[PDB]
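Chains as they are written, first to last, in the deposited numbering: chain A, 504 to 553; chain V, 258 to 306; chain S, 701 to 750.
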Amino acid sequence: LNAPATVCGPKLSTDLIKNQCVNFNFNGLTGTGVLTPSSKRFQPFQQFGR
Amino acid sequence: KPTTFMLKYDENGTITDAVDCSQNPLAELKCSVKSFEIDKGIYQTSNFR
Amino acid sequence: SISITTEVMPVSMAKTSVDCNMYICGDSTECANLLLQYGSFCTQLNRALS
Ligand SMILES: *[C@@H]1O[C@H](CO)[C@@H](O)[C@H](O)[C@H]1NC(C)=O
């Protein structure tokens with residue numbers, strides 16, 4: 504959980520669901536919340552922010 | 258379904274009353290106060306919704 | 701002489717409330733289960749704040 508992940512696991516991807524309290528999983532970062540579009544800009548090759 | 262309940266046990270080891278915390282705001286208030294009798298006024302509740 | 705002097709005194713402060721379950725275990729079911737083992741501690745702070 505530092506960089507973009509290059510070697511990974513054999514799990515199937517799923518379509519995005521917007522505006523609903525769902526359990527997400529982004530590169531092994533599990534959680535629970537609602538998903539909204541963003542206007543924030545990131546540094547290159549940076550995955551997530553806190 | 259996985260839900261939140263609250264149960265009351267009497268003086269003989271049996272279940273006599275129960276409430277579901279996700280049905281009504283009144284039931285959510287009962288689950289937050291953790292009692293079946295509540296008094297007059299305004300209270301703040303948890304998220305069992 | 702007639703002199704008018706002023707005296708400032710506080711009366712009240714802000715009223716605040718804290719949701720214990722969402723401060724400690726934010727949207728986590730497992731942490732909620734582990735929090736019920738600590739019985740009747742979150743209900744003791746709401747009484748004081750009220
Ligand atoms: C239940 O407990 C009470 C009080 O201990 C007792 O009087 C009664 O005989 C018990 N049994 C029933 C069936 O109520």
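Cβ atoms here follow ideal geometry from the backbone N, Cα and C, with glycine treated the same way.
Bounding residues of the beta strand (DSSP E) (the contiguous stretch that carries residue i)
i	result
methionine 263 (chain V)	262 to 266
Where residue i falls: helix, strand or coil (DSSP)
i	result
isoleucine 272 (chain V)	strand
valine 708 (chain S)	coil
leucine 515 (chain A)	coil
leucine 736 (chain S)	helix
residue 556 (chain A)	This structure gives no information on residue 556 (chain A), because the portion of chain A shown stretches from 504 to 553.
Closer than 8 Å to chain S by CB, residue i
i	result
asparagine 269 (chain V)	no
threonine 533 (chain A)	no
Any chain A beta carbon closer than 8 Å to residue i
i	result
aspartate 719 (chain S)	no
Neighbour flag for residue i against chain V, beta carbons, 8 Å
i	result
residue 661 (chain S)	Because chain S in this structure spans residues 701 to 750, residue 661 (chain S) falls outside the shown range and cannot be described.
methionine 713 (chain S)	no
Residue span of the alpha helix (DSSP H) that contains residue i, given as start and end
i	result
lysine 287 (chain V)	282 to 290
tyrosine 723 (chain S)	720 to 724
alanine 748 (chain S)	743 to 749
Closer than 5 Å from C-beta to any heavy atom of ligand 1: which residues, in chain order? V:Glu268, V:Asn269
Can you list, in chain order, the residues of the stretch 276 to 294 of chain V whose Cβ is nearer than 8 Å to any Cβ on chain S? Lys291
Taking any Cβ of chain S, which residues in the stretch 511 to 543 of chain A have a Cβ under 7 Å from it, in chain order? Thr535, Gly536
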